[PDB]
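Comments concern the structure below.
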Amino acid sequence: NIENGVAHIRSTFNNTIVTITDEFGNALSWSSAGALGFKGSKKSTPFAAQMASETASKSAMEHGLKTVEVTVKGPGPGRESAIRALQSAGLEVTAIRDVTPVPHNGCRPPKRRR
Amino acid sequence: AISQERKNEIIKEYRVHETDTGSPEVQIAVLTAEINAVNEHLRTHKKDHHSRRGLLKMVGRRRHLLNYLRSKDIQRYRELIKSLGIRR
Amino acid sequence: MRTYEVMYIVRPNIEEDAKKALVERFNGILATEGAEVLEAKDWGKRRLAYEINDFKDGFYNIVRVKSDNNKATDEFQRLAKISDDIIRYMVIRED
Amino acid sequence: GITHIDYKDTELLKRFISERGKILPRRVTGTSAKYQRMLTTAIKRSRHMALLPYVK
Amino acid sequence: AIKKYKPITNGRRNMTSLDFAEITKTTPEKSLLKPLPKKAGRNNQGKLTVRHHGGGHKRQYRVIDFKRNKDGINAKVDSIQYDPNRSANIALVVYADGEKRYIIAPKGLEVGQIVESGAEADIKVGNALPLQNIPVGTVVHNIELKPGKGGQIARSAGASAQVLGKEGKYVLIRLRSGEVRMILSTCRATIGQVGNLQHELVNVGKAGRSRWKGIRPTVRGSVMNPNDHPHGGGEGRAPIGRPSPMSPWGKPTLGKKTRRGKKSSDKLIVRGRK
RNA sequence: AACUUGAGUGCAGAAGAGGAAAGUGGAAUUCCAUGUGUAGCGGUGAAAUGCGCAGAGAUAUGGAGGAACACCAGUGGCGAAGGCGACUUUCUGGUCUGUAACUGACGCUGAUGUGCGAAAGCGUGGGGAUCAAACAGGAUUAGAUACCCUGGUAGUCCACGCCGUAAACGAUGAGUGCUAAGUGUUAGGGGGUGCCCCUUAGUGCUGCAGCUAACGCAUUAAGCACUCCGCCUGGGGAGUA
RNA sequence: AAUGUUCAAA
Ligand SMILES: [Mg+2]
Ligand SMILES: [Mg+2]
Ligand SMILES: [Mg+2]
Ligand SMILES: [Mg+2]
Ligand SMILES: [Mg+2]
Ligand SMILES: [Mg+2]
Ligand SMILES: [Mg+2]
Ligand SMILES: [Mg+2]
Ligand SMILES: [Mg+2]
């Protein structure tokens, strides 16, 4: 529980998830818009990101680590307002990563909406 | 199919000694060599179809040239069939 | 009449006498009907650019084989897969 | 004018992959057409023997 | 392949026999035929235990081996011969010592050198060697279960299990029916896929060609008057009424898992049928 | 009888997702295994059905299994057409350029037959990962059998065998000659100094002459000539009896 | 990214 952390966030169009962990994948304190009472498509605002990175980041209480090293899953509208506002708990962002799973034409997508 | 020199092992052995091929008696030999070159291949690939019209087209031209040599003398045609075995 | 180049990797976690044993057997497999081995090159251990089989390193070997009847290298292509000292391999023709 | 390219060439292809791990287009690089056909049949069998990576 | 019969007679109309193409029929040679009496499903007392057996054609048991001895000693496959006992074909080999014995036939072979117990022997078709020497991914018939006995697994016409991987004292081999079972690491296991592939494509058509095999006709439940079968006689035809279908000896027969609790193999079963 | 321009055969080289048969690899989806963790994930215009403390989704490792091959990739190439795009090997068709050594009109078109022929469908087999008719559940409206969402069977996948249709479309049959010019591009071949102009073959645009009802086509003709075949004769009724 | 039907007789 001692002073480390990698940041795994995703942001689809619904309920941008923030979950910070250690060098392994062990689940310090996950956080969502859904733990906060956002349901009517305020599940994903940049204001929903404004209370996303805060209530996971400030809920360290065992590590309070030195850097965060974000890994950006989920191409969606809550990206950079969850990484600027991650700094508001005082954690010293210094290098960012963007990992969204790009297929190589594996499985055919679901059909087009109308 | 036939290689270069194997074609050379079949071209010189039919035509008259003109030292220049492309005769109405040497083209039949290399065409039949190309047929039974490829017609053994179509035994093991009975799924293939783009190879088969290349077979059938040159069978067409062979039936043209063996129905051109009629108009000159049949004595070329008769023993020319008797050596390089075709039907009819 | 067909310049078969083969090249293959050997697992890093062996002992060196077995490493110079595999280069002796597989250049005898190619020695059946024309070896023509102009280079048995131990172009050595590097870090290959990604990871395979939890092995970060590998032992390359570059072999040139010339032949006509082209039966020979398919013995290698059968027998190299079934073993597990060779994580990847290639044969490639050139004329 | 540079001669033909095999996948034993360790680094000659690396100047023509992007920094991330993808090919450059002919529009971006500015070579001929045939040369980059030799690139696209060269660098893929480079990837098959792991001399050049997929994704950084 | 199979050959089919032109409908000339109203029994023959749809019957399709197996056509014997690869057979190289010698008269089955004298030194291995062992005399087999029929027995029609009546045990040592004399009363009928399992039903539906009876007078087939008079068969003759051909002793084949499975506990393959003779390490490092070769064999030539002479001829493929028909067998009436089992469903796969059989094959005769001749050792270089000069001994004759049968083995069951893999998919493709007509002559050649195959060796047995070949711990250093290349894994071609029909080649047979102990189990931990096999690389992962191949197919395999004729598998032992306890070492040195003679295989009980994948001997039928066409079936072949395959190795998923290893443990160190066991492996994880997955069978034909979909189970995944650990077996002990030192077991003979003949490589390949056992032959005679179109055996279930036959369509025997006549009533007699099940009666020649030795299968007497059954009789359904809901025709018997109700002291012989629980779907007893009703007025007319009758729905089965009782809240499941049942066996003649009063057990449920439609979806009731029956294996004896523990019996010292459940720690080996990894994944059952699906 | 001969000749050689039409078409063929030789010689050199040049390309190409043309096909058929084995083999190898990477990204991704899903479902199993176990770590950490706890109150929701997912969902739309908004919401619910569905999954969740018995331990979800987010994440760490690992396994299994099938499908398609991001970047290159482009009015780019190849095939008669449908079409074909990871990589290597085995077999094999076709066209282009230059060259003049032969053969000396051997050619064109094709009535009936003979064959190839997307996608769905059918038969006996296997395979089943994502999708996904019928259907089932929740909203929407007055009702909604629909568009929306959560699931899901056939099928989509491979071998063998049928069916033989489509906006199978440049809505433009096939062959051969002839009449301004610019302008890209692909595969070559010669001339003069990595660059500058000569012609052949395809393939895009802009454009006179000419035809055209007009839109527009215009050296890849819908222009000017010939040769052969297929087809129409007002729309409904009808591609039906 | 909508929830919106119809207009008796030439
Ligand atoms: Mg009765
Ligand atoms: Mg009773
Ligand atoms: Mg009744
Ligand atoms: Mg009853
Ligand atoms: Mg089907
Ligand atoms: Mg749906
Ligand atoms: Mg089309
Ligand atoms: Mg056009
Ligand atoms: Mg009419």
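Labels used: A, B, ... for chains in the order of the structure tokens, numbers from 1 for residues in each chain, and numbers from 1 for ligands as shown.
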
Using only C-alpha atoms (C1' of nucleotides) and a distance of at most 9 Å, pull out the residues of chain F that contact chain C, as JSON, numbers by chain. {"F": [23, 24, 88, 89]}

How about saving the chosen residues, N, CA and C atoms (P, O5', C5', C4', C3', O3' and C1' of nucleotides) kept, as a PDB file, in the first residue's frame?
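Everything below was put into selection.pdb:
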```pdb
ATOM      1  P     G F  23      -2.059 -27.539 -42.769  1.00  0.00           P
ATOM      2  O5'   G F  23      -0.804 -26.620 -42.440  1.00  0.00           O
ATOM      3  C5'   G F  23       0.468 -27.204 -42.218  1.00  0.00           C
ATOM      4  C4'   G F  23       1.556 -26.168 -42.202  1.00  0.00           C
ATOM      5  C3'   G F  23       1.352 -25.012 -41.243  1.00  0.00           C
ATOM      6  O3'   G F  23       1.731 -25.325 -39.917  1.00  0.00           O
ATOM      7  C1'   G F  23       2.004 -24.189 -43.352  1.00  0.00           C
ATOM      8  P     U F  24       1.099 -24.521 -38.677  1.00  0.00           P
ATOM      9  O5'   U F  24       1.858 -23.120 -38.685  1.00  0.00           O
ATOM     10  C5'   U F  24       3.232 -23.031 -38.346  1.00  0.00           C
ATOM     11  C4'   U F  24       3.745 -21.626 -38.503  1.00  0.00           C
ATOM     12  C3'   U F  24       3.062 -20.568 -37.654  1.00  0.00           C
ATOM     13  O3'   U F  24       3.573 -20.497 -36.334  1.00  0.00           O
ATOM     14  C1'   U F  24       3.222 -19.810 -39.884  1.00  0.00           C
ATOM     15  P     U F  88       5.309 -13.396 -49.112  1.00  0.00           P
ATOM     16  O5'   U F  88       5.825 -14.854 -48.790  1.00  0.00           O
ATOM     17  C5'   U F  88       7.062 -15.031 -48.135  1.00  0.00           C
ATOM     18  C4'   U F  88       7.307 -16.482 -47.877  1.00  0.00           C
ATOM     19  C3'   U F  88       7.103 -17.384 -49.072  1.00  0.00           C
ATOM     20  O3'   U F  88       8.229 -17.416 -49.923  1.00  0.00           O
ATOM     21  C1'   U F  88       6.038 -18.309 -47.177  1.00  0.00           C
ATOM     22  P     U F  89       8.053 -17.733 -51.481  1.00  0.00           P
ATOM     23  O5'   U F  89       7.782 -19.296 -51.524  1.00  0.00           O
ATOM     24  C5'   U F  89       8.827 -20.188 -51.200  1.00  0.00           C
ATOM     25  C4'   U F  89       8.331 -21.582 -50.943  1.00  0.00           C
ATOM     26  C3'   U F  89       7.713 -22.307 -52.120  1.00  0.00           C
ATOM     27  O3'   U F  89       8.706 -22.893 -52.942  1.00  0.00           O
ATOM     28  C1'   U F  89       6.382 -22.601 -50.183  1.00  0.00           C
TER      29        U F  89
END
```

For residue 135 in chain E, list every protein, DNA or RNA residue within 10 Å, evaluated using only C-alpha atoms (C1' of nucleotides), and leave out those in the same chain fewer than 4 positions away; present the list as a list in words. residues 81, 82, 83 and 84 of chain C; 123, 131, 163, 164, 165 and 166 of chain E

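Non-sequential neighbours of residue 152 in chain E (distance at most 12 Å, separation of 3 or more positions within a chain, only C-alpha atoms (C1' of nucleotides)) are residues 65, 66, 67, 141, 142, 143, 144, 145, 146, 147, 148, 149, 155, 156, 175, 187, 188 and 189 of chain E.
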
Which of these, F:35, F:6, F:173, F:72, has the shortest distance to residue 35 in chain D once you count only C-alpha atoms (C1' of nucleotides)? F:72

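Every protein, DNA or RNA residue with an atom at most 9 Å from residue 53 in chain D, where only C-alpha atoms (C1' of nucleotides) count and chain neighbours fewer than 2 positions away do not, is listed here: residues 48, 49 and 50 of chain C; 21, 46, 47, 50, 51, 55 and 56 of chain D.
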
Sorted per-residue table, chain F near ligand 9, closest atoms and distance, 12 Å, only C-alpha atoms (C1' of nucleotides) and all ligand atoms, as a tab-separated table:
```
residue	atom	partner	partner_atom_place_in_ligand_line	distance
F:232	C1'	ligand 9	1 (Mg)	11.9
F:233	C1'	ligand 9	1 (Mg)	9.3
F:234	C1'	ligand 9	1 (Mg)	6.7
F:235	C1'	ligand 9	1 (Mg)	7.1
F:236	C1'	ligand 9	1 (Mg)	8.5
F:237	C1'	ligand 9	1 (Mg)	9.0
F:238	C1'	ligand 9	1 (Mg)	9.6
```

Give as a ChimeraX atom specification every residue of chain B that touches chain F within 12 Å, counting only C-alpha atoms (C1' of nucleotides). /B:1-2,4,7-8,11-12,15-31,34-35,37-58,61-72
